[PDB]
Amino acid sequence: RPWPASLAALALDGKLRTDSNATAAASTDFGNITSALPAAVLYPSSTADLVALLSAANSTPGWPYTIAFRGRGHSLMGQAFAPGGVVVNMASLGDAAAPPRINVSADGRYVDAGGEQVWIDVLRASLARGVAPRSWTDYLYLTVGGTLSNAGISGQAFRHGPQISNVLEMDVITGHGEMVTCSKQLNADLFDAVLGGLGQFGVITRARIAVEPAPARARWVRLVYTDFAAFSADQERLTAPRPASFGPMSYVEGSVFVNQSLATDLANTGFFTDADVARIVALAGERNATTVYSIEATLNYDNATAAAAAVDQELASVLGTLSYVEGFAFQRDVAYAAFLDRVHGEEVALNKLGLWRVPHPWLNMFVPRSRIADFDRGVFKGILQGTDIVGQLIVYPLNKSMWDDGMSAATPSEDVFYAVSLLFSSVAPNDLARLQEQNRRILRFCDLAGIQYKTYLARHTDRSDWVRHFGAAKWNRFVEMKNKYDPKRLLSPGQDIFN
Ligand SMILES: *Cc1cc2c(cc1C)nc1c(=O)[nH]c(=O)nc-1n2C[C@H](O)[C@H](O)[C@H](O)COP(=O)(O)OP(=O)(O)OC[C@H]1O[C@@H](n2cnc3c(N)ncnc32)[C@H](O)[C@@H]1O
Ligand SMILES: *[C@@H]1O[C@H](CO)[C@@H](O[C@@H]2O[C@H](CO)[C@@H](O)[C@H](O)[C@H]2NC(C)=O)[C@H](O)[C@H]1NC(C)=O
Ligand SMILES: CC(C)=CCNc1ncnc2[nH]cnc12
Ligand SMILES: *[C@@H]1O[C@H](CO)[C@@H](O)[C@H](O)[C@H]1NC(C)=O
Ligand SMILES: *[C@@H]1O[C@H](CO)[C@@H](O)[C@H](O)[C@H]1NC(C)=O
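Taking the entry's author numbering, I'd label the letters of the sequence shown as residues 32 to 274, 279 to 534.
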């Protein structure tokens, strides 16, 4: 039962809290489906406080508290909880002012960011110094440590790889309470374990993120299809490596619209005008389509005098290689930061309607390219038909060559695989249960069809499921690494890997 001086010091300084207000805030997440109250919440003011907790945890025999690192609690199924344990309120690391938590290098080649920092702030501190990270998430209010413990994907990942592929080095406090600086050169076994590591090996206090010169603007396009074969062939053409080298597109994503909610979902993009919506709805009726697909792509560009006309010509050449329905190219032109933060607006709009802090039974997965047409038929044209869709259905290809298989993040074996993100929002408890059963049905459809998919952002509750997730050989490596960095099995228990 005794406490080390540094641990008891945190209680004394009002950093380690047990009050109902502190525990309740760290007991819910974005998912809004599961909840688990912690025994205590840590609000650290420095990384020494994280060393204190973790050294205490490693030195104290029979220590009973599990420890989680709450980024912004964007988790869907309690991955950031420490049931009857200690939740770290990471955001407290950036409360002071001195020293700054985000530092762009003097050479403009990278950005050092605190593990707790949010990407929108990383973007602002980078843009002030004329640079910006190269690989994003669709939504910017997530933590560096949180996205890096998953993968971090968006429409730039086909050409720059996920966020985990754009990290030069990190400062990690292991489950032993040891401060370790790691990279591909120094303690690479920890660096690889942590990236896509689901917070199992230690906490990321600093990450060195690759940057590129900041473009000023984004020419933003949406291309419409009624044929899945043409839509997927075009997303693959736009993202294909040209014989290490890529095409002109800075970002490529896509979306599916089911016939039943077509006009409403197109209008809810925040992209199409009512005149654009009417034309697409009419197109669907002419082709007798039960689904409509849209490619979403950008072309990043600088403030140059000729830039605008050069972009028009470059975009026109790219579009001429494509097979979208003639006359169904829709363009917008925005400032680069506005494109990157396009989702914050959706968060604000939904929150005031009371439609943001609702259950999110999201289904996110990686589907091998060879089975995407089967997934489209069984899911978009099958299971989802005749349902009212509240949310987005995002589908886009990724290049495996840009993913490091030695890292923890699990991906399909094929060269090309699609990110498939089914972002359902629940409208009622009976709608929640219906949505949770529908997600089980989609996964069952994939299993019965022999689709070798990988989930993303999901936590498995069975050992056999986590072994199948990583793959048996890659699983043994994840175990070896757990035994090295968290032998007491306390870190991020909400993943249900070792807890
Ligand atoms: C809510 C949401 C999430 C989201 C998204 C849009 C919204 C509205 N768009 C995404 C996208 O386009 N691409 C992508 O890859 N992910 C996207 N997400 C999911 C997001 O990555 C996850 O929610 C993720 O967990 C990041 O969120 P957060 O920063 O809020 O992290 P957490 O949920 O609290 O914790 C996740 C796990 O990681 C461990 N953790 C957290 N911080 C650290 C640090 N610094 N070091 C080590 N481990 C850490 C937690 O313990 C937990 O297990
Ligand atoms: C797409 O969905 C619409 C409904 O939003 C279908 O249009 C309806 O068709 C039914 C039966 O054929 C009629 O009873 C309704 O009066 C129609 N309602 C509207 C608002 O048009 C349409 O058939 C669907 N198309 C496909 C190809 O499935
Ligand atoms: C991988 C993942 C969860 C992407 C989410 N992307 C998103 N993309 C666009 N709008 C959104 N609203 C919520 N999430 C949105
Ligand atoms: C879901 O969010 C609502 C609104 O904040 C709240 O009533 C409820 O406790 C949440 N449920 C879970 C399981 O987090
Ligand atoms: C329109 O498509 C539907 C559903 O996909 C099919 O059942 C129907 O027979 C079609 N109509 C024609 C004229 O092909």
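Note that beta-carbon positions come from the ideal geometry of N, C-alpha and C, so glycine has one too.
- For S214, the enclosing beta strand (DSSP E) begins and ends at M210 to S214.
- Given a length threshold of 3 residues, each whole run of the beta strand (DSSP E) inside the region 303-377 is given here in chain order: 326-336 and 364-370.
- Apart from sequence neighbours up to five positions away, the residues of its chain that approach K489 with a beta-carbon distance below 7 Å are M400, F401, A445, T446, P447 and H504, ordered along the chain.
- Checking the 7 Å criterion, the Cβ of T257 is out of range of every heavy atom belonging to ligand 5.
- For the beta strand (DSSP E) assignment, the uninterrupted runs of no fewer than 3 residues enclosed by the region 425-464 are, from N- to C-terminal side, 426-434 and 451-459.
- The Cβ-Cβ distance between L357 and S285 does not fall below 8 Å.
- Relative to ligand 5, even the nearest heavy atom lies 7 Å or more away from the CB of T97.
- At a Cβ-Cβ threshold of 8 Å, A247 and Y371 count as neighbours.
- Annotation for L154: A163, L171, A372 and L375 place their beta carbon closer than 7 Å to its own, counting only its chain and skipping 5 residues before and after.
- The secondary-structure analysis by DSSP pairs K489 across a beta bridge with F401.
- Taken from the Cβ of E331, every heavy atom of ligand 3 lies 7 Å or farther away.
- In this structure, DSSP gives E243 an extended state, which the three-state scheme calls strand.
- As for any alpha helix (DSSP H) of minimum length 4 sitting wholly inside the region 130-161, the runs are 150-159, ordered along the chain.
- Scanning its chain for C-beta atoms nearer than 7 Å, with the 5 sequence neighbours on each side dropped, one finds around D409 the residues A484 and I486, in chain order.
- The set of residues whose C-beta lies within less than 7 Å of a heavy atom of ligand 5 reads, in chain order, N323 and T325.
- In this structure, ligand 3 has a non-hydrogen atom nearer than 7 Å to the beta-carbon of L458.
- For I64, DSSP assigns no beta-bridge partner whatsoever.
- Of the heavy atoms belonging to ligand 2, at least one sits nearer than 7 Å to the Cβ of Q295.
- Two segments are said to touch when three or more pairs of C-beta atoms, one from each, lie closer than 8 Å; by this definition the region 429-438 touches the region 254-270.
- In this structure, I204 lies near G233, with their beta-carbon atoms less than 8 Å apart.
- The beta carbon of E147 sits closer than 7 Å to at least one heavy atom of ligand 1.
- Less than 8 Å divides the Cβ of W251 from the Cβ of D368.
- Secondary structure note for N89: its alpha helix (DSSP H) is the uninterrupted segment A79 to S90.
- At least one heavy atom of ligand 1 sits closer than 7 Å to the Cβ of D169.
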